[PDB]
């Protein structure tokens, strides 16, 4: 009864080469190529293309620099005034929810996709994911990595190069690998 896609979204083990998911991934790549060319050449149709790619954006005017990459596109949901700089990658096998006024520097990667640590299970043709949630007014610094299952609170700032393995509270700066609070933001 459950499709592989149902399992995927639920965070359960799913067959990555399921017919439907494969078609979704190849379609995401084709559309993504068109989008990246639109934004590189500065065509206004970049917004229409992006709005077909992303699951949703609050204002339909998400500003994403090239070359953007994502797995499905449709699991990505952004608030108002979303900005991502060059070469961001979002593996949205599970939901990636991003709030308002969020800002990604270049090379930010968000992963929801993951695998079993044990070889037989990892090699079985099945994998899984954990959703990522990012609050309002989050600034993610250059080259940062947001790992699966992570939530980032409102007004948090992720230092460049940070590797985020655990939830980030409201109003802090985190930095390092693994990322740790390096400062509290007052107000």
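Residue numbers count along the first chain shown, from 1.
- Mean CA B-factor, 55-63 versus 143-151: the higher value falls on 55-63.
- In this PDB entry, the Cα temperature factor of residue 79 sits in the top third of its chain's modelled residues, the highest group.
- Compared with the other modelled residues of the chain, the Cα B-factor recorded for residue 48 ranks in the highest third.
- For residue 164, the recorded CA B-factor ranks within the lowest third of the chain. Only modelled residues enter the ranking.
- Looking at the C-alpha B-factors along this chain, the one for residue 123 belongs to the middle third.
- Split the chain's modelled residues into thirds by C-alpha temperature factor. Residue 115 is in the lowest one.
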